[PDB]
Amino acid sequence: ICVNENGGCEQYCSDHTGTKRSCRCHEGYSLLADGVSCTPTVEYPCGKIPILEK
Amino acid sequence: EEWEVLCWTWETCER
Amino acid sequence: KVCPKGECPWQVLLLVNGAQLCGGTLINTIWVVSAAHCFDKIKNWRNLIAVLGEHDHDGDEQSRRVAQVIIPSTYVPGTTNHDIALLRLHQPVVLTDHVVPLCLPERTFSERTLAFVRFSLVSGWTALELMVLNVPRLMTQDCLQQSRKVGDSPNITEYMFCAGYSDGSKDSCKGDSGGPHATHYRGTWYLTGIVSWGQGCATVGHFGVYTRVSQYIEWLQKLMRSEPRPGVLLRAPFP
């Protein structure tokens, strides 16, 4: 459930009546196989300091 | 929708 | 320091006739978010320039003429409420190691998760960095007292919030004002506030007052997807 711990999602969380919640990512990111983590799909994704990582 | 224009250009802007 | 040399890549400096007007936040290559009060007094402006990047020779600095400024219909000059402005740059900035946008979060995520992060990062103006302790929702009505005024807009407790504390004036309020209040969550920074009454502003001790960005997310997205209209300063309906 998204209401608690953000559904364990790294970024966005969507609730569903039947099955479990699904996680999503902000524009410029994409969901990995674990279904919760988001990886950049652009060189300069929003909200990340390049320097600290390069 | 309708927006109110307060200034047309920076040079003619008064506020 | 979170940001290198205290210079966050999403920070924007707004200049008019080359003089410091206010600060702002890049949210994508063409849009910048600032405060509406930055446009309360306009006289003899020859331009409005957004400066981004490394500022403290030529190294990674970009400037952009601001094509348009949009403020909400609910904003009233002199009142500390609905203090937000959306700026459209004439041409997109080029993203680099020193020019990166801050994420505008989804409303639900911001309200359910970001609103509960204890500290946030505020950037101001040379670039300054400052970690601030957000004032919980329960104490909002009380922290907003100094900002309160008779006959002002309703629900200031809903559209504005407090964080940190200021005890004395500092020569940095210009670019500080309208600047970003960012919140970190699992590796990514998000826009959660806009400096309305910042630290280092005024002499009297006061809480930092910020516009609650989550209340304007839908409005901002509506503006960004709308068909372009003529004019450099416009009031758009809110909601």
# chains A, B, ... in the order shown; residues from 1 in each chain; ligands from 1
$ residues_around --residues "range 104-113 of chain C" --least-positions-apart "5" --cutoff "7 Å" --atoms "only C-alpha atoms" --output "JSON, numbers by chain"
{"A": [6, 12], "C": [27, 190, 191, 214, 217]}
$ write_last_selection --atoms "N, CA and C atoms" --output "PDB file, in the first residue's frame"
ATOM      1  N   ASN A   6       5.652   4.607   1.218  1.00  0.00           N
ATOM      2  CA  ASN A   6       5.552   4.886  -0.213  1.00  0.00           C
ATOM      3  C   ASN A   6       5.498   3.590  -1.031  1.00  0.00           C
ATOM      4  N   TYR A  12       7.583   7.210  -7.452  1.00  0.00           N
ATOM      5  CA  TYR A  12       6.125   7.271  -7.347  1.00  0.00           C
ATOM      6  C   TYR A  12       5.449   5.926  -7.056  1.00  0.00           C
TER       7      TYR A  12
ATOM      8  N   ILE C  27      12.969  23.853 -13.517  1.00  0.00           N
ATOM      9  CA  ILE C  27      12.248  22.584 -13.350  1.00  0.00           C
ATOM     10  C   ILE C  27      12.283  21.693 -14.608  1.00  0.00           C
ATOM     11  N   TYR C 190      13.532  17.072  -4.888  1.00  0.00           N
ATOM     12  CA  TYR C 190      12.276  17.564  -5.443  1.00  0.00           C
ATOM     13  C   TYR C 190      11.920  18.967  -4.948  1.00  0.00           C
ATOM     14  N   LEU C 191      11.216  19.737  -5.784  1.00  0.00           N
ATOM     15  CA  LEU C 191      10.786  21.082  -5.411  1.00  0.00           C
ATOM     16  C   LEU C 191       9.577  21.006  -4.472  1.00  0.00           C
ATOM     17  N   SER C 214       3.247  21.876  -3.540  1.00  0.00           N
ATOM     18  CA  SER C 214       2.290  20.794  -3.816  1.00  0.00           C
ATOM     19  C   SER C 214       0.883  21.284  -4.175  1.00  0.00           C
ATOM     20  N   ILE C 217       1.053  22.201  -8.119  1.00  0.00           N
ATOM     21  CA  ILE C 217       1.523  21.262  -9.128  1.00  0.00           C
ATOM     22  C   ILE C 217       0.600  21.145 -10.357  1.00  0.00           C
TER      23      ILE C 217
END
$ residues_around --residues "residue 7 in chain B" --least-positions-apart "4" --cutoff "8 Å" --atoms "only C-alpha atoms" --output "VMD selection string"
(chain B and resid 12 to 14) or (chain C and resid 231 to 234)
$ atom_distance --atom1 "CA of residue 237 in chain C" --atom2 "CA of residue 151 in chain C"
21.0 Å
$ interface_residues --of "chain C" --to "chain B" --cutoff "8 Å" --atoms "only C-alpha atoms" --output "VMD selection string"
chain C and resid 39 to 48 230 to 237
$ write_last_selection --atoms "N, CA and C atoms" --output "mmCIF file, in the first residue's frame"
data_model
loop_
_atom_site.group_PDB
_atom_site.id
_atom_site.type_symbol
_atom_site.label_atom_id
_atom_site.label_comp_id
_atom_site.auth_asym_id
_atom_site.auth_seq_id
_atom_site.Cartn_x
_atom_site.Cartn_y
_atom_site.Cartn_z
ATOM 1 N N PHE C 39 7.529 40.401 -8.746
ATOM 2 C CA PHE C 39 7.005 41.249 -9.807
ATOM 3 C C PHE C 39 6.014 42.318 -9.328
ATOM 4 N N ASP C 40 6.035 42.606 -8.021
ATOM 5 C CA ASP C 40 5.145 43.618 -7.431
ATOM 6 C C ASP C 40 5.413 45.036 -7.936
ATOM 7 N N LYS C 41 6.689 45.361 -8.143
ATOM 8 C CA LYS C 41 7.081 46.689 -8.607
ATOM 9 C C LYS C 41 7.876 46.615 -9.891
ATOM 10 N N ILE C 42 7.303 47.145 -10.969
ATOM 11 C CA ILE C 42 7.970 47.129 -12.258
ATOM 12 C C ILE C 42 7.966 48.520 -12.866
ATOM 13 N N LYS C 43 9.162 49.040 -13.100
ATOM 14 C CA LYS C 43 9.309 50.362 -13.673
ATOM 15 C C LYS C 43 10.655 50.469 -14.340
ATOM 16 N N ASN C 44 10.629 50.826 -15.623
ATOM 17 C CA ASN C 44 11.839 51.008 -16.423
ATOM 18 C C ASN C 44 12.681 49.731 -16.596
ATOM 19 N N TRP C 45 12.011 48.584 -16.732
ATOM 20 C CA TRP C 45 12.718 47.324 -16.958
ATOM 21 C C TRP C 45 13.023 47.261 -18.443
ATOM 22 N N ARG C 46 14.264 46.937 -18.780
ATOM 23 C CA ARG C 46 14.660 46.840 -20.179
ATOM 24 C C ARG C 46 14.706 45.372 -20.568
ATOM 25 N N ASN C 47 14.654 44.500 -19.563
ATOM 26 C CA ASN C 47 14.723 43.070 -19.801
ATOM 27 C C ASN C 47 14.463 42.309 -18.504
ATOM 28 N N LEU C 48 14.549 40.983 -18.593
ATOM 29 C CA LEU C 48 14.417 40.070 -17.450
ATOM 30 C C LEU C 48 15.262 38.867 -17.898
ATOM 31 N N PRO C 230 0.446 35.861 -26.245
ATOM 32 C CA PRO C 230 1.318 37.043 -26.255
ATOM 33 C C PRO C 230 1.328 37.700 -24.871
ATOM 34 N N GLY C 231 2.360 38.493 -24.604
ATOM 35 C CA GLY C 231 2.466 39.180 -23.330
ATOM 36 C C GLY C 231 3.628 38.638 -22.514
ATOM 37 N N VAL C 232 4.205 39.467 -21.644
ATOM 38 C CA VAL C 232 5.327 39.040 -20.818
ATOM 39 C C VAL C 232 4.951 38.818 -19.355
ATOM 40 N N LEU C 233 3.838 39.407 -18.916
ATOM 41 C CA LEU C 233 3.360 39.237 -17.538
ATOM 42 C C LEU C 233 1.847 39.023 -17.590
ATOM 43 N N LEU C 234 1.394 37.867 -17.116
ATOM 44 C CA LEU C 234 -0.028 37.529 -17.136
ATOM 45 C C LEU C 234 -0.493 36.898 -15.840
ATOM 46 N N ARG C 235 -1.787 37.062 -15.548
ATOM 47 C CA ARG C 235 -2.423 36.456 -14.377
ATOM 48 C C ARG C 235 -3.255 35.314 -14.940
ATOM 49 N N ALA C 236 -3.031 34.099 -14.455
ATOM 50 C CA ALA C 236 -3.803 32.954 -14.924
ATOM 51 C C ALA C 236 -4.699 32.481 -13.789
ATOM 52 N N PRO C 237 -5.900 31.990 -14.126
ATOM 53 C CA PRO C 237 -6.824 31.516 -13.096
ATOM 54 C C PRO C 237 -6.265 30.389 -12.241
#
$ interface_residues --of "chain A" --to "chain C" --cutoff "6 Å" --atoms "only C-alpha atoms" --output "JSON, numbers by chain"
{"A": [10, 46, 47, 48, 50]}
$ select_by_dssp --residues "chain A" --states "alpha helix (DSSP H)" --output "number ranges by chain"
A: 50-53
$ select_by_dssp --residues "chain A" --states "strand (DSSP E or B)" --output "list in words"
residues 12, 13, 14, 22, 23, 24, 29, 30, 31, 38, 39 and 40 of chain A
$ write_last_selection --atoms "C-alpha atoms" --output "JSON list (two decimals), in the first residue's frame"
[["chain", "number", "residue", "atom", "x", "y", "z"],
["A", 12, "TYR", "CA", 6.12, 7.27, -7.35],
["A", 13, "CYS", "CA", 3.53, 4.81, -6.02],
["A", 14, "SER", "CA", 0.06, 3.95, -7.38],
["A", 22, "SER", "CA", 2.72, -0.61, -8.65],
["A", 23, "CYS", "CA", 5.68, 1.78, -8.64],
["A", 24, "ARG", "CA", 6.45, 4.43, -11.26],
["A", 29, "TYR", "CA", 13.79, 7.82, -15.26],
["A", 30, "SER", "CA", 12.57, 4.27, -15.89],
["A", 31, "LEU", "CA", 11.58, 1.35, -13.65],
["A", 38, "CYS", "CA", 14.25, 3.98, -10.98],
["A", 39, "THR", "CA", 17.26, 4.50, -13.25],
["A", 40, "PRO", "CA", 18.01, 7.60, -15.38]]
$ decode --residues "range 39-50 of chain A" --atoms "N, CA, C and O atoms" --output "PDB file, in the first residue's frame"
ATOM      1  N   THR A  39      15.938   4.195 -12.715  1.00  0.00           N
ATOM      2  CA  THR A  39      17.261   4.500 -13.250  1.00  0.00           C
ATOM      3  C   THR A  39      17.116   5.606 -14.305  1.00  0.00           C
ATOM      4  O   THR A  39      16.092   5.690 -14.988  1.00  0.00           O
ATOM      5  N   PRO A  40      18.098   6.519 -14.389  1.00  0.00           N
ATOM      6  CA  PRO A  40      18.007   7.595 -15.380  1.00  0.00           C
ATOM      7  C   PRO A  40      18.027   7.097 -16.812  1.00  0.00           C
ATOM      8  O   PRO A  40      18.736   6.147 -17.141  1.00  0.00           O
ATOM      9  N   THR A  41      17.214   7.743 -17.647  1.00  0.00           N
ATOM     10  CA  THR A  41      17.159   7.430 -19.065  1.00  0.00           C
ATOM     11  C   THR A  41      17.657   8.636 -19.859  1.00  0.00           C
ATOM     12  O   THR A  41      17.528   8.685 -21.089  1.00  0.00           O
ATOM     13  N   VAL A  42      18.166   9.633 -19.132  1.00  0.00           N
ATOM     14  CA  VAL A  42      18.769  10.821 -19.736  1.00  0.00           C
ATOM     15  C   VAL A  42      20.066  11.080 -18.982  1.00  0.00           C
ATOM     16  O   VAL A  42      20.245  10.618 -17.851  1.00  0.00           O
ATOM     17  N   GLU A  43      20.963  11.840 -19.599  1.00  0.00           N
ATOM     18  CA  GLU A  43      22.248  12.146 -18.996  1.00  0.00           C
ATOM     19  C   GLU A  43      22.155  13.056 -17.766  1.00  0.00           C
ATOM     20  O   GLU A  43      22.933  12.919 -16.812  1.00  0.00           O
ATOM     21  N   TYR A  44      21.199  13.981 -17.790  1.00  0.00           N
ATOM     22  CA  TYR A  44      21.020  14.908 -16.681  1.00  0.00           C
ATOM     23  C   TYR A  44      19.595  14.864 -16.166  1.00  0.00           C
ATOM     24  O   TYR A  44      18.787  15.757 -16.443  1.00  0.00           O
ATOM     25  N   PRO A  45      19.256  13.785 -15.445  1.00  0.00           N
ATOM     26  CA  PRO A  45      17.909  13.641 -14.903  1.00  0.00           C
ATOM     27  C   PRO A  45      17.699  14.674 -13.805  1.00  0.00           C
ATOM     28  O   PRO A  45      18.646  15.069 -13.125  1.00  0.00           O
ATOM     29  N   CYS A  46      16.454  15.103 -13.652  1.00  0.00           N
ATOM     30  CA  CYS A  46      16.113  16.083 -12.634  1.00  0.00           C
ATOM     31  C   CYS A  46      16.416  15.576 -11.229  1.00  0.00           C
ATOM     32  O   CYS A  46      16.421  14.372 -10.971  1.00  0.00           O
ATOM     33  N   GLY A  47      16.758  16.510 -10.351  1.00  0.00           N
ATOM     34  CA  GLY A  47      16.992  16.178  -8.958  1.00  0.00           C
ATOM     35  C   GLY A  47      18.246  15.439  -8.546  1.00  0.00           C
ATOM     36  O   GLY A  47      18.296  14.927  -7.436  1.00  0.00           O
ATOM     37  N   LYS A  48      19.229  15.347  -9.437  1.00  0.00           N
ATOM     38  CA  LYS A  48      20.489  14.680  -9.112  1.00  0.00           C
ATOM     39  C   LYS A  48      21.647  15.608  -9.431  1.00  0.00           C
ATOM     40  O   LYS A  48      21.675  16.245 -10.491  1.00  0.00           O
ATOM     41  N   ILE A  49      22.573  15.699  -8.484  1.00  0.00           N
ATOM     42  CA  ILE A  49      23.768  16.514  -8.607  1.00  0.00           C
ATOM     43  C   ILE A  49      24.803  15.664  -9.341  1.00  0.00           C
ATOM     44  O   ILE A  49      25.261  14.648  -8.822  1.00  0.00           O
ATOM     45  N   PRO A  50      25.154  16.051 -10.578  1.00  0.00           N
ATOM     46  CA  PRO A  50      26.125  15.338 -11.419  1.00  0.00           C
ATOM     47  C   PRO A  50      27.475  15.115 -10.745  1.00  0.00           C
ATOM     48  O   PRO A  50      28.011  14.004 -10.767  1.00  0.00           O
TER      49      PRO A  50
END
